[PDB]
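**Student:** Quick one: structure below, then a few questions.
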Amino acid sequence: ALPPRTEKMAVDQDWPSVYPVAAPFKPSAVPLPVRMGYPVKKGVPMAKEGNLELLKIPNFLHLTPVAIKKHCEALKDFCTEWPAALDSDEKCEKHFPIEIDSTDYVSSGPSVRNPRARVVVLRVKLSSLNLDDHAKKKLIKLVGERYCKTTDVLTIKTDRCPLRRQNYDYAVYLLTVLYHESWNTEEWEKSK
Amino acid sequence: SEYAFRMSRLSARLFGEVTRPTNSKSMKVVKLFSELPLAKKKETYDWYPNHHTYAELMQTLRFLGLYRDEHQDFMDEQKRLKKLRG
Amino acid sequence: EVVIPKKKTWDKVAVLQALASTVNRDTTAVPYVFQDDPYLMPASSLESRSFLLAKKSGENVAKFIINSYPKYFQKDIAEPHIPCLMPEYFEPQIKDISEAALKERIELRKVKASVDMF
Amino acid sequence: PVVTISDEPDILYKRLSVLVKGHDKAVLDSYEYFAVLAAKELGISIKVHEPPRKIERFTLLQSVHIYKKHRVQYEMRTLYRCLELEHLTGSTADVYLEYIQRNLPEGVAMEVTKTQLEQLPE
Amino acid sequence: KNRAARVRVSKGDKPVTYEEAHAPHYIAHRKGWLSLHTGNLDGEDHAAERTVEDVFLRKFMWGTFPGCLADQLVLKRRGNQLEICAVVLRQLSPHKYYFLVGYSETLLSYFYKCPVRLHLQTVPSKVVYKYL
Amino acid sequence: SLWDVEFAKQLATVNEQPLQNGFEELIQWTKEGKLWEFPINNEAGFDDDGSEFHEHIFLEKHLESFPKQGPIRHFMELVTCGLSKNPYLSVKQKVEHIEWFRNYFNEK
Amino acid sequence: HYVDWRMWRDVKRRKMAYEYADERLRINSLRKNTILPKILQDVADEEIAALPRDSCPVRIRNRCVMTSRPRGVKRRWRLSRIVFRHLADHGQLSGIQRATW
RNA sequence: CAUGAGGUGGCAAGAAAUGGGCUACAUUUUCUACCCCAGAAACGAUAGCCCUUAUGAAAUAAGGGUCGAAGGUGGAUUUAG
C-alpha cells in the first residue's frame, strides 16, 4: 500500500476540487477519521478505513457551503429576473388570470415512464374572466360538479390523452368551448 | 326534470362521454374500452423475469471461466463422484 | 407594465462545463480514471499504462463476448432507445447474391466476403 | 458560458413546490439546508413545510409451515418534507431544478415538483 | 428461537463484522440498508424488478469477484447511475482487479441499460467487529 | 462518404483525451446518451407522431358514419367514447381496433 | 432453466394470454353490452368458447418472482413470505423496518 | 419407457362426532327518523327455494323476493381479562 492522501493533504485546500461528484465515502480520500457504529461494551465506535456503513451513508461531502457558493457563482449566469408583478395574489391574478397544473414525478432507475405524471388541471376565476352573467348561469349549469361556492375557482381536470402538451391543449380547448357554448344562447332557455 | 336531462346530455356531448341515455350494462363496455385489460398490464406480462437470458448467460459466462458459481461446482463434484461409484 | 423576459435556452452540457470551471484540477489528486484506493494506486508511468491497458482490455473483453452473444442483451429497459448500448451485429444477415448484400458486407468491412460474392 | 438569448417571453412559474419524500429525516433536512442555502444565495424566497409521515405496516408469518400466532410485522417509514417555492423565473426554474435533481440523494429520495405556470386566457 | 440473521456464539473464536453481527431487529436502529433504491417507497411501480435486479447483481458480483469481496456489497441506485461499491480484499493482482472492474462495468451497463459505476475499496484483511 | 466519415473518426481519436473528472464522465455520458436528458419531463421521446389532441379523442373521421339511428352506430359511439378515455393506447391502435369492428360487422 | 414446470406453465400462460388479449376484450365487450340481438351474441359465444383455454386471464396465478409458491405472495415485490423475510432480514432491501409501535 | 412431460374430463358427499368463530333465545329488547329528551311494537337463519346483478370462457359473492325453523340464556367442566 501507500501512505494515504488523508495525511498527505494539508489545510487551506479546495474541497470542490477534491470531490466534484456525488461519490461514496472513500475514507482514504476523506481527511476525517469518521467512526461509525454501536461500540462494544469496553470499546470505541469502529474505525474509518473499512466501514460498510460509512459507504452506505448518502455521503453529503461533495456539497459544502463554499461549494454551493462558488458553484452558484458559476450558475449565476443562467437566470433572468421577475417583472413588477408584485407579491400580491390579486395583482398577479389580474395580470395573468388562468392557473394550470402540470407536474412531473421523478423516479430513479432505468425508465422515466410515470403515466400519472401527465395529469393536468386548470383553475380559472370568473371574477377575472369578467364577461359572464347569464353566461355564468349557463356555465354553472354546465359544470355543476365543480365550482365550489366559497371561492370563485373553476377546476377542469384532464387525464384522457397521453401527452402533457395535448393535456394542456385539452384544458385550454375546454375553457374556450365552454366559454363559447355558455355564450351561445339556446332556444329552450326560457322554459326553465 | 327534462331540462336537467338535456343539460346532462349537452355536458356529455361537450366533454366527450356518451351522449344518449345508456345504462350501466353498457357503461361497463365504455369503461372496458376506457381501460387496458388485465392481460395488457405491464406488470402482468413482465411479472416473471424470462430467466433464459439470466440462466443461459450465467451458464455461458461460467463456462467462459469469467464466472465462478459454487452451487454448480458443488453439483459437478457430487455428480463426478456419482458417476464414479453409482 | 410587465417586463417579461425571454427565456435563454441551453443544451444539456453548459451547466456541467460551468461545473468543471468550478472544479478546476486538484493539485493533490491523481487523474480520475484511476481508482482512489492507495493499493490500486499506480506508482509509475509504466504501472499507470499497464492499468489503463488492462481497463481497455476488459472493455473490449465484454465487447467481444456481447457481440458474440447478442441474444442475451436484446431486452432494452432504458427509454429513450440507446443504439450505442444496443449490441452491434457483424454477421451478414443478407444471404442471397444481391447488391444489398454487397452494401451490407461493405458496411461490415468483410473484405474477402465482399470480394467472393462480387 | 454559452447563453443563447433566443426568442420568446417567460413561461412564468409561480409556486414550484418540491415534495422531497424518503426514509430518512437526516437526509431530508440536510437536503433542506442545502436547498435553502442554495435558494438563499440565488435570491428566491424558499419556504419549508413538514407534511406528516405515513407508515405502511403489514404482517407476515414467521414460521415456514405452521404457527400463525407468531408473526413478524414489517413497516415502511415514508417521511415528507414540503419545500414550497414562489416567485421564480422559467429559466431560473430550469437551472435550480437542474442542480437540485442532479444532486438528489440516493434511494432515500423522491421529489415531486409541482409547477404552476400562469399564462393568459385564449 | 429467532434464527433470522443472527450468527450464533460458538465459544469465542469466530471473526464477524458489524453487518452479520447485528440482528434484523436493528435493521435501521443500528445497521442501515445495503441497497438504496427508491422503489420500496410508497408511490412507485417498479420495485419488484428492482429487487430481482438487486439479487442478480449481488450473486453476479459474488461469482465474478471470486473470494475477494470481504463482506456484502453497497448497491446504490440514483437516477440512472447504478453504483456498485465494493470492499474487496488486497490479495490478487491489480491488473486483474482493473480487468474485472471494466468487465463488470460494461457487462452491467449493457445488461441493465444504465450507467453502472464500480467504486472499489481495498482492505488488507477481513475486518473483525467482535469474536463470537 | 467513406473518407469524410473516416476523417471524422480520426479527428475523434486525435481529440480523444483521458476522462480526468467525474463531471467529464457525466459529460461523455450525456454526449453518448447514457445519462438521462436533464431536466426530465417524464416524457423523453414519446412523441406519438404528432397526434395533437384530436386524433386521440375525436374519432368521427375514423368513425365513418353509418345510419346514425342504428344500434351499430350507438355501439360505435360507446367504443369511440371508450377509446377517447384511453390514454394508454395510441391513435393507431385505436383506429385499427375500430376497423376490426368495421370488418367484423361487415362480415356479419 | 426455470424454477419448476409450474412456473414455466405460468409464463406460457402470461405470454400467450398477452398475445391473445385483444380479441378477448373486443368480444367480451360484445358480451357485456346490451345492444345487440341475442343470436348475434350467441355466434360470439361459440367463438369465445372456441378461443383457447390457456389465454383467459382466470388461469393467471401470481406466483413469486423468485421461487414458485402460489399462496403467500405479496404483490408489491412479487415475493413470497419467507423469501421477503430473507431479504428484509439481511437488510438488502431498503425502507423495511421491524414494525414496533 | 417413468416414479419424468403434456392435453381433456372429474375429485372437495354426510347414518355421525368434535374444535373455533358468527348470530340469537328479546324489554337495557325490535322497527323507523335522529344519530341518544320521539313514535310504534311486545322475539330469531349471514339457513332452504325463486328472481336479478357483479366477476368469470364456464356461478362463489351481492341485493331483492319468498319463508316464519329449532330456539325459553345452556349440567359436569372450562376460557379470557
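Residue numbering restarts at 1 for every chain of the C-alpha cells, chains are lettered A, B, ... in their displayed order, and ligands are numbered from 1 as they appear.
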Report the closest atom pair, with its distance in Å rounded to one decimal, for each residue of chain B that has an atom no farther than 9 Å from chain G; count only C-alpha atoms, sort by chain and then rising residue number, and write it as a Markdown table.

**Tutor:**
```
| residue | atom | partner | partner_atom | distance |
| --- | --- | --- | --- | --- |
| B:23 | CA | G:34 | CA | 8.8 |
| B:25 | CA | G:33 | CA | 5.8 |
| B:26 | CA | G:33 | CA | 4.6 |
| B:27 | CA | G:33 | CA | 8.1 |
| B:28 | CA | G:32 | CA | 7.0 |
| B:29 | CA | G:29 | CA | 5.3 |
| B:30 | CA | G:29 | CA | 8.6 |
| B:32 | CA | G:29 | CA | 7.1 |
| B:33 | CA | G:29 | CA | 8.0 |
| B:37 | CA | G:25 | CA | 7.0 |
| B:38 | CA | G:57 | CA | 7.4 |
| B:39 | CA | G:18 | CA | 5.4 |
| B:40 | CA | G:18 | CA | 5.9 |
| B:41 | CA | G:18 | CA | 8.6 |
| B:44 | CA | G:14 | CA | 7.1 |
| B:45 | CA | G:14 | CA | 5.7 |
| B:46 | CA | G:14 | CA | 8.4 |
| B:47 | CA | G:65 | CA | 6.9 |
| B:48 | CA | G:65 | CA | 5.6 |
| B:49 | CA | G:65 | CA | 7.2 |
| B:50 | CA | G:11 | CA | 8.1 |
| B:51 | CA | G:2 | CA | 6.6 |
| B:52 | CA | G:1 | CA | 6.7 |
| B:55 | CA | G:1 | CA | 6.2 |
| B:56 | CA | G:1 | CA | 7.7 |
```

**Student:** Within stretch 63-189 of chain A, find each residue whose DSSP state, derived from the backbone, is strand (DSSP E), and express the selection as a VMD selection string.

**Tutor:** chain A and resid 99 to 102 104 to 106 120 to 125 153 to 158

**Student:** Sorted by chain and rising residue number, list the residues of chain D at most 6 Å from chain A (counting only C-alpha atoms), each with its closest atom pair and distance in Å to one decimal, as CSV.

**Tutor:**
```
residue,atom,partner,partner_atom,distance
D:91,CA,A:79,CA,5.6
D:92,CA,A:79,CA,4.7
D:112,CA,A:105,CA,5.1
D:114,CA,A:103,CA,4.9
D:115,CA,A:103,CA,5.7
D:116,CA,A:101,CA,5.7
D:118,CA,A:99,CA,5.0
D:119,CA,A:96,CA,6.0
D:120,CA,A:96,CA,5.5
```

**Student:** Selection from above, N, CA and C atoms, as an mmCIF file, in the first residue's frame, can you write it?

**Tutor:**
```cif
data_model
loop_
_atom_site.group_PDB
_atom_site.id
_atom_site.type_symbol
_atom_site.label_atom_id
_atom_site.label_comp_id
_atom_site.auth_asym_id
_atom_site.auth_seq_id
_atom_site.Cartn_x
_atom_site.Cartn_y
_atom_site.Cartn_z
ATOM 1 N N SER D 91 -36.418 30.194 -16.650
ATOM 2 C CA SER D 91 -35.016 29.821 -16.834
ATOM 3 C C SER D 91 -34.345 29.530 -15.498
ATOM 4 N N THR D 92 -34.664 30.334 -14.483
ATOM 5 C CA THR D 92 -34.162 30.075 -13.144
ATOM 6 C C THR D 92 -34.721 28.763 -12.603
ATOM 7 N N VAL D 112 -41.355 15.233 -6.040
ATOM 8 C CA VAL D 112 -42.495 15.594 -6.869
ATOM 9 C C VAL D 112 -42.511 17.116 -6.947
ATOM 10 N N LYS D 114 -44.201 20.417 -8.301
ATOM 11 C CA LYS D 114 -45.477 20.922 -8.768
ATOM 12 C C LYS D 114 -45.288 22.342 -9.279
ATOM 13 N N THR D 115 -45.464 22.524 -10.583
ATOM 14 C CA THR D 115 -45.230 23.798 -11.250
ATOM 15 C C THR D 115 -46.569 24.468 -11.507
ATOM 16 N N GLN D 116 -46.722 25.721 -11.085
ATOM 17 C CA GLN D 116 -47.898 26.476 -11.526
ATOM 18 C C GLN D 116 -47.470 27.614 -12.452
ATOM 19 N N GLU D 118 -48.404 30.300 -15.209
ATOM 20 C CA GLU D 118 -49.612 31.128 -15.146
ATOM 21 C C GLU D 118 -50.334 31.261 -16.488
ATOM 22 N N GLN D 119 -49.696 31.925 -17.462
ATOM 23 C CA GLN D 119 -50.208 32.233 -18.806
ATOM 24 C C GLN D 119 -51.482 33.079 -18.832
ATOM 25 N N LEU D 120 -51.899 33.485 -20.048
ATOM 26 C CA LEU D 120 -53.016 34.358 -20.391
ATOM 27 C C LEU D 120 -54.143 33.566 -21.049
#
```

**Student:** Residues of chain A within 8 Å of chain E, using only C-alpha atoms, as a list in words?

**Tutor:**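 Matching residues, ligands excluded from the count: residues 24, 26, 37, 38, 40, 46, 50, 52, 53, 55, 56, 107, 108, 109 and 110 of chain A.
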
**Student:** Within 10 Å of residue F:89, counting only C-alpha atoms (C1' of nucleotides), which residues qualify if same-chain residues fewer than 2 places away don't, as an MDAnalysis selection string?

**Tutor:** (chainID A and resid 161:162) or (chainID B and resid 34:36) or (chainID F and resid 56 83:87 91:94)

**Student:** Deliver the residues from the most recent selection as a file, using N, CA and C atoms, as a compact mmCIF listing (two decimals), in the first residue's frame.

**Tutor:**
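The file below, selection-v1.txt, is the result:
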```
# COMPACT_ATOMS: atom_id res chain seq x y z
N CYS A 161 -55.55 12.01 -22.41
CA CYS A 161 -54.63 11.86 -23.53
C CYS A 161 -53.21 11.72 -23.01
N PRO A 162 -52.37 10.92 -23.69
CA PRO A 162 -51.09 10.51 -23.08
C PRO A 162 -50.07 11.62 -22.92
N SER B 34 -62.33 2.08 -21.97
CA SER B 34 -61.59 3.17 -21.35
C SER B 34 -60.30 2.72 -20.69
N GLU B 35 -60.24 1.47 -20.25
CA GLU B 35 -59.05 0.95 -19.58
C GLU B 35 -58.34 -0.06 -20.48
N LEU B 36 -57.08 -0.32 -20.15
CA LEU B 36 -56.41 -1.50 -20.65
C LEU B 36 -56.96 -2.74 -19.94
N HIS F 56 -56.73 11.50 -30.78
CA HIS F 56 -56.93 10.62 -29.63
C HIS F 56 -58.39 10.50 -29.23
N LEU F 83 -62.45 4.62 -26.40
CA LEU F 83 -61.13 4.89 -26.98
C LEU F 83 -60.69 6.32 -26.74
N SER F 84 -61.64 7.25 -26.59
CA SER F 84 -61.30 8.61 -26.20
C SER F 84 -60.80 8.65 -24.76
N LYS F 85 -61.44 7.89 -23.87
CA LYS F 85 -60.98 7.82 -22.49
C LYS F 85 -59.68 7.05 -22.32
N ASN F 86 -59.32 6.16 -23.25
CA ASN F 86 -57.98 5.54 -23.26
C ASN F 86 -56.82 6.51 -23.34
N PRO F 87 -55.94 6.53 -22.36
CA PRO F 87 -54.69 7.27 -22.52
C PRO F 87 -53.50 6.38 -22.87
N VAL F 91 -53.44 6.41 -31.20
CA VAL F 91 -54.45 6.56 -32.23
C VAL F 91 -54.38 5.42 -33.24
N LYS F 92 -53.18 4.88 -33.47
CA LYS F 92 -53.03 3.79 -34.43
C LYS F 92 -53.73 2.53 -33.95
N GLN F 93 -53.51 2.15 -32.69
CA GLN F 93 -54.21 1.01 -32.12
C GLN F 93 -55.71 1.28 -32.00
N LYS F 94 -56.08 2.52 -31.67
CA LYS F 94 -57.49 2.90 -31.60
C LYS F 94 -58.18 2.70 -32.94
```

**Student:** Write out as a VMD selection string the residues lying within 9 Å of residue C:26, counting only C-alpha atoms (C1' of nucleotides) and excluding same-chain residues fewer than 3 positions away.

**Tutor:** (chain A and resid 14 16 to 18) or (chain C and resid 23 29 to 31)

**Student:** Tell me, in Å to one decimal, how far atom CA of residue F:39 is from atom CA of residue C:12.

**Tutor:**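 It comes out at 8.6 Å.
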
**Student:** May I have the residues of chain A within 10 Å of chain B, counting only C-alpha atoms, written as a list in words?

**Tutor:**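 Contact residues on the first chain: residues 138, 141, 142, 143, 144, 160, 174, 177, 178, 181, 188, 189, 191 and 192 of chain A.
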
**Student:** Produce a file of the selected residues containing C-alpha atoms, as a PDB file, in the first residue's frame.

**Tutor:**
```pdb
ATOM      1  CA  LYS A 138     -75.341  28.674 -18.085  1.00  0.00           C
ATOM      2  CA  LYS A 141     -75.405  24.702 -15.053  1.00  0.00           C
ATOM      3  CA  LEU A 142     -72.953  23.089 -17.471  1.00  0.00           C
ATOM      4  CA  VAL A 143     -70.241  22.406 -14.889  1.00  0.00           C
ATOM      5  CA  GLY A 144     -72.270  21.663 -11.761  1.00  0.00           C
ATOM      6  CA  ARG A 160     -57.589  11.470 -21.148  1.00  0.00           C
ATOM      7  CA  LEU A 174     -62.417  23.061 -22.858  1.00  0.00           C
ATOM      8  CA  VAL A 177     -65.533  25.862 -25.929  1.00  0.00           C
ATOM      9  CA  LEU A 178     -67.280  26.006 -22.533  1.00  0.00           C
ATOM     10  CA  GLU A 181     -71.246  27.330 -25.586  1.00  0.00           C
ATOM     11  CA  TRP A 188     -85.091  26.302 -24.718  1.00  0.00           C
ATOM     12  CA  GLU A 189     -83.603  28.620 -22.078  1.00  0.00           C
ATOM     13  CA  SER A 191     -88.765  27.231 -20.368  1.00  0.00           C
ATOM     14  CA  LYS A 192     -86.505  26.756 -17.381  1.00  0.00           C
TER      15      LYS A 192
END
```

**Student:** Residues of chain G within 12 Å of chain A, counting only C-alpha atoms, what are they? List them as an NGL selection string.

**Tutor:** :G and (91-92 or 94)

**Student:** My list of candidates is F:2, F:59, F:21, F:90. Which is closest to residue F:77 when distances are computed with only C-alpha atoms?

**Tutor:** F:59

**Student:** Counting only C-alpha atoms, which residues in chain E sit no more than 7 Å from chain C? For each one, give the nearest pair of atoms and the distance in Å, sorted by chain then residue number, as JSON lines.

**Tutor:**
```
{"residue": "E:94", "atom": "CA", "partner": "C:40", "partner_atom": "CA", "distance": 6.2}
{"residue": "E:95", "atom": "CA", "partner": "C:51", "partner_atom": "CA", "distance": 5.7}
{"residue": "E:98", "atom": "CA", "partner": "C:55", "partner_atom": "CA", "distance": 5.6}
{"residue": "E:99", "atom": "CA", "partner": "C:58", "partner_atom": "CA", "distance": 4.9}
{"residue": "E:100", "atom": "CA", "partner": "C:58", "partner_atom": "CA", "distance": 6.8}
{"residue": "E:102", "atom": "CA", "partner": "C:58", "partner_atom": "CA", "distance": 5.2}
{"residue": "E:103", "atom": "CA", "partner": "C:58", "partner_atom": "CA", "distance": 5.0}
{"residue": "E:106", "atom": "CA", "partner": "C:59", "partner_atom": "CA", "distance": 6.8}
{"residue": "E:107", "atom": "CA", "partner": "C:62", "partner_atom": "CA", "distance": 6.3}
{"residue": "E:110", "atom": "CA", "partner": "C:85", "partner_atom": "CA", "distance": 5.9}
{"residue": "E:111", "atom": "CA", "partner": "C:73", "partner_atom": "CA", "distance": 5.9}
{"residue": "E:113", "atom": "CA", "partner": "C:78", "partner_atom": "CA", "distance": 5.5}
{"residue": "E:114", "atom": "CA", "partner": "C:78", "partner_atom": "CA", "distance": 7.0}
{"residue": "E:121", "atom": "CA", "partner": "C:37", "partner_atom": "CA", "distance": 6.0}
{"residue": "E:122", "atom": "CA", "partner": "C:37", "partner_atom": "CA", "distance": 6.3}
```

**Student:** Quick one: which residues from chain B are at most 7 Å off chain E, using only C-alpha atoms, as a list in words?

**Tutor:**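 Contact residues on the first chain: residues 66, 67, 68 and 69 of chain B.
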
**Student:** So that I have them on file, write out the residues from the current selection with N, CA and C atoms, as a CSV table (one decimal), in the first residue's frame.

**Tutor:**
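Result went into result.csv, see below:
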```
chain,number,residue,atom,x,y,z
B,66,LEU,N,-15.2,-16.7,-16.6
B,66,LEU,CA,-15.2,-15.4,-16.0
B,66,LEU,C,-16.2,-15.3,-14.9
B,67,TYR,N,-16.9,-16.4,-14.6
B,67,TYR,CA,-17.9,-16.5,-13.5
B,67,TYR,C,-17.6,-17.8,-12.8
B,68,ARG,N,-17.7,-17.8,-11.4
B,68,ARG,CA,-17.5,-19.0,-10.6
B,68,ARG,C,-18.7,-19.2,-9.7
B,69,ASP,N,-19.5,-20.1,-10.1
B,69,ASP,CA,-20.7,-20.4,-9.3
B,69,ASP,C,-20.6,-21.7,-8.5
```

**Student:** For the structure I just gave you, how does DSSP split stretch 1-80 of chain B - specifically, which residues are helix (DSSP H, G or I)? Reply as a compact mmCIF listing (two decimals) with N, CA and C atoms, in the first residue's frame.

**Tutor:**
```txt
# COMPACT_ATOMS: atom_id res chain seq x y z
N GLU B 2 -86.77 17.48 -17.39
CA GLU B 2 -86.34 17.32 -18.78
C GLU B 2 -85.20 18.27 -19.11
N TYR B 3 -85.27 19.50 -18.59
CA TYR B 3 -84.18 20.45 -18.78
C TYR B 3 -82.89 19.93 -18.15
N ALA B 4 -82.99 19.31 -16.97
CA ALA B 4 -81.81 18.74 -16.33
C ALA B 4 -81.24 17.58 -17.14
N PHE B 5 -82.11 16.73 -17.70
CA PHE B 5 -81.63 15.62 -18.52
C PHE B 5 -80.92 16.12 -19.77
N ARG B 6 -81.46 17.16 -20.41
CA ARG B 6 -80.79 17.65 -21.61
C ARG B 6 -79.56 18.51 -21.29
N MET B 7 -79.47 19.11 -20.10
CA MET B 7 -78.20 19.69 -19.68
C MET B 7 -77.15 18.61 -19.46
N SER B 8 -77.56 17.46 -18.90
CA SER B 8 -76.64 16.34 -18.77
C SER B 8 -76.19 15.84 -20.15
N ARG B 9 -77.12 15.78 -21.10
CA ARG B 9 -76.78 15.37 -22.46
C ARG B 9 -75.83 16.36 -23.13
N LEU B 10 -76.08 17.66 -22.94
CA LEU B 10 -75.22 18.69 -23.52
C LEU B 10 -73.82 18.64 -22.91
N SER B 11 -73.74 18.45 -21.59
CA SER B 11 -72.44 18.30 -20.95
C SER B 11 -71.72 17.04 -21.42
N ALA B 12 -72.47 15.96 -21.64
CA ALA B 12 -71.87 14.73 -22.15
C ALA B 12 -71.31 14.92 -23.55
N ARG B 13 -72.07 15.57 -24.43
CA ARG B 13 -71.60 15.85 -25.79
C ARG B 13 -70.41 16.79 -25.77
N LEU B 14 -70.39 17.74 -24.84
CA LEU B 14 -69.33 18.73 -24.81
C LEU B 14 -68.04 18.16 -24.23
N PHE B 15 -68.15 17.28 -23.24
CA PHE B 15 -66.98 16.75 -22.56
C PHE B 15 -66.42 15.49 -23.21
N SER B 24 -75.92 1.15 -17.10
CA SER B 24 -74.63 0.70 -16.60
C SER B 24 -74.16 -0.56 -17.30
N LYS B 25 -75.09 -1.33 -17.88
CA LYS B 25 -74.70 -2.57 -18.55
C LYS B 25 -74.07 -2.32 -19.92
N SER B 26 -73.99 -1.07 -20.36
CA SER B 26 -73.09 -0.69 -21.44
C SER B 26 -72.09 0.38 -21.03
N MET B 27 -72.32 1.03 -19.88
CA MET B 27 -71.24 1.80 -19.27
C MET B 27 -70.09 0.89 -18.85
N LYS B 28 -70.37 -0.39 -18.57
CA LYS B 28 -69.31 -1.38 -18.44
C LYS B 28 -68.47 -1.47 -19.70
N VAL B 29 -69.11 -1.46 -20.87
CA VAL B 29 -68.39 -1.52 -22.14
C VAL B 29 -67.55 -0.27 -22.34
N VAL B 30 -68.11 0.90 -22.03
CA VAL B 30 -67.33 2.12 -22.25
C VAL B 30 -66.17 2.20 -21.25
N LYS B 31 -66.33 1.65 -20.04
CA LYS B 31 -65.19 1.60 -19.12
C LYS B 31 -64.16 0.56 -19.54
N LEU B 32 -64.60 -0.57 -20.08
CA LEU B 32 -63.73 -1.61 -20.59
C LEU B 32 -62.88 -1.08 -21.73
N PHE B 33 -63.51 -0.31 -22.61
CA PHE B 33 -62.74 0.35 -23.66
C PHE B 33 -62.01 1.57 -23.17
N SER B 34 -62.33 2.08 -21.97
CA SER B 34 -61.59 3.17 -21.35
C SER B 34 -60.30 2.72 -20.69
N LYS B 42 -48.55 -4.11 -17.90
CA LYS B 42 -47.10 -4.30 -17.99
C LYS B 42 -46.59 -5.17 -16.85
N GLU B 43 -47.15 -5.00 -15.66
CA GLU B 43 -46.79 -5.87 -14.55
C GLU B 43 -47.27 -7.30 -14.78
N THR B 44 -48.37 -7.48 -15.50
CA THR B 44 -48.87 -8.83 -15.75
C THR B 44 -47.98 -9.57 -16.74
N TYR B 45 -47.59 -8.91 -17.83
CA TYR B 45 -46.77 -9.65 -18.79
C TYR B 45 -45.28 -9.52 -18.51
N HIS B 52 -34.30 -16.97 -19.13
CA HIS B 52 -33.45 -17.61 -20.13
C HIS B 52 -32.17 -16.82 -20.32
N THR B 53 -32.28 -15.49 -20.45
CA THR B 53 -31.08 -14.67 -20.56
C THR B 53 -30.22 -14.79 -19.31
N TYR B 54 -30.86 -14.79 -18.13
CA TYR B 54 -30.17 -14.93 -16.85
C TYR B 54 -29.43 -16.25 -16.77
N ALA B 55 -30.17 -17.37 -16.78
CA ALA B 55 -29.57 -18.68 -16.57
C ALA B 55 -28.60 -19.06 -17.68
N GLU B 56 -28.95 -18.82 -18.95
CA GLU B 56 -28.06 -19.21 -20.03
C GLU B 56 -26.85 -18.28 -20.14
N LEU B 57 -27.00 -16.99 -19.83
CA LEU B 57 -25.84 -16.11 -19.80
C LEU B 57 -24.88 -16.51 -18.69
N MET B 58 -25.40 -16.92 -17.54
CA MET B 58 -24.51 -17.38 -16.48
C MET B 58 -23.88 -18.73 -16.79
N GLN B 59 -24.63 -19.62 -17.45
CA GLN B 59 -24.06 -20.87 -17.94
C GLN B 59 -22.89 -20.60 -18.88
N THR B 60 -23.10 -19.71 -19.86
CA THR B 60 -22.05 -19.38 -20.80
C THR B 60 -20.86 -18.71 -20.11
N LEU B 61 -21.11 -17.73 -19.24
CA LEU B 61 -20.01 -16.98 -18.64
C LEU B 61 -19.21 -17.82 -17.66
N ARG B 62 -19.86 -18.72 -16.92
CA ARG B 62 -19.10 -19.67 -16.13
C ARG B 62 -18.28 -20.55 -17.04
N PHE B 63 -18.83 -20.93 -18.19
CA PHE B 63 -18.08 -21.94 -18.89
C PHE B 63 -16.95 -21.28 -19.68
N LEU B 64 -17.09 -19.98 -19.98
CA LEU B 64 -16.04 -18.99 -20.23
C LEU B 64 -15.01 -18.89 -19.12
N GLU B 70 -20.51 -21.46 -7.15
CA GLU B 70 -20.18 -22.51 -6.21
C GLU B 70 -21.24 -23.60 -6.16
N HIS B 71 -22.50 -23.25 -6.42
CA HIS B 71 -23.56 -24.25 -6.45
C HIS B 71 -23.33 -25.26 -7.57
N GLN B 72 -23.05 -24.76 -8.77
CA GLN B 72 -22.78 -25.64 -9.90
C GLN B 72 -21.48 -26.40 -9.71
N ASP B 73 -20.48 -25.79 -9.07
CA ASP B 73 -19.25 -26.52 -8.75
C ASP B 73 -19.53 -27.68 -7.80
N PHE B 74 -20.39 -27.44 -6.80
CA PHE B 74 -20.76 -28.48 -5.84
C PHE B 74 -21.45 -29.65 -6.54
N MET B 75 -22.41 -29.35 -7.42
CA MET B 75 -23.08 -30.48 -8.08
C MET B 75 -22.16 -31.15 -9.08
N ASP B 76 -21.20 -30.42 -9.66
CA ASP B 76 -20.25 -31.04 -10.57
C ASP B 76 -19.38 -32.06 -9.85
N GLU B 77 -18.85 -31.69 -8.69
CA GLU B 77 -18.05 -32.63 -7.90
C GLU B 77 -18.90 -33.81 -7.42
N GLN B 78 -20.13 -33.52 -6.97
CA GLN B 78 -21.01 -34.57 -6.47
C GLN B 78 -21.39 -35.56 -7.57
N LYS B 79 -21.72 -35.06 -8.77
CA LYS B 79 -22.09 -35.95 -9.86
C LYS B 79 -20.88 -36.66 -10.44
N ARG B 80 -19.68 -36.08 -10.30
CA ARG B 80 -18.47 -36.80 -10.66
C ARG B 80 -18.30 -38.02 -9.76
```

**Student:** Could you tell me which residues of chain D sit within 6 Å of chain G when counting only C-alpha atoms, and give me the result as a PyMOL selection string?

**Tutor:** chain D and resi 23+73-76

**Student:** Those residues you just picked out, can you put them in a file as a compact mmCIF listing (two decimals), in the first residue's frame with N, CA and C atoms?

**Tutor:**
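selection07.txt written:
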```txt
# COMPACT_ATOMS: atom_id res chain seq x y z
N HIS D 23 -36.95 7.89 3.33
CA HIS D 23 -36.89 7.03 4.50
C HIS D 23 -36.13 7.64 5.67
N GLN D 73 -44.01 -8.44 11.90
CA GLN D 73 -44.65 -7.28 11.31
C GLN D 73 -43.57 -6.34 10.79
N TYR D 74 -43.72 -5.92 9.54
CA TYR D 74 -42.79 -5.03 8.88
C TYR D 74 -43.47 -3.69 8.61
N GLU D 75 -42.66 -2.65 8.44
CA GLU D 75 -43.18 -1.30 8.22
C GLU D 75 -42.27 -0.52 7.28
N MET D 76 -42.88 0.41 6.56
CA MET D 76 -42.19 1.40 5.74
C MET D 76 -42.39 2.76 6.37
```

**Student:** Which polymer residues have any atom within 8 Å of an atom of residue A:31, counting only C-alpha atoms (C1' of nucleotides), with same-chain residues fewer than 3 positions away left out, as a count of residues only?

**Tutor:** 6

**Student:** Residues of chain F within 12 Å of chain A, using only C-alpha atoms, as JSON, numbers by chain?

**Tutor:** {"F": [20, 21, 22, 23, 24, 25, 26, 34, 35, 36, 37, 38, 39, 40, 41, 42, 43, 44, 45, 46, 47, 48, 49, 50, 51, 52, 53, 54, 55, 56, 57, 58, 81, 82, 83, 84, 85, 86, 87, 88, 89, 90, 91]}

**Student:** Show me, as a list in words, the residues of chain D whose atoms get within 10 Å of chain E, using only C-alpha atoms for the distance check.

**Tutor:** residues 21, 22, 23, 24, 54, 55, 56, 62, 63, 76, 77, 78, 79, 101, 102, 103, 104, 105, 106, 107, 108, 109 and 110 of chain D

**Student:** From the options G:4, G:23, G:45, G:89, which residue's atoms come nearest to chain H, counting only C-alpha atoms (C1' of nucleotides)?

**Tutor:**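 Among G:4, G:23, G:45, G:89, it is G:45 that comes nearest to chain H.
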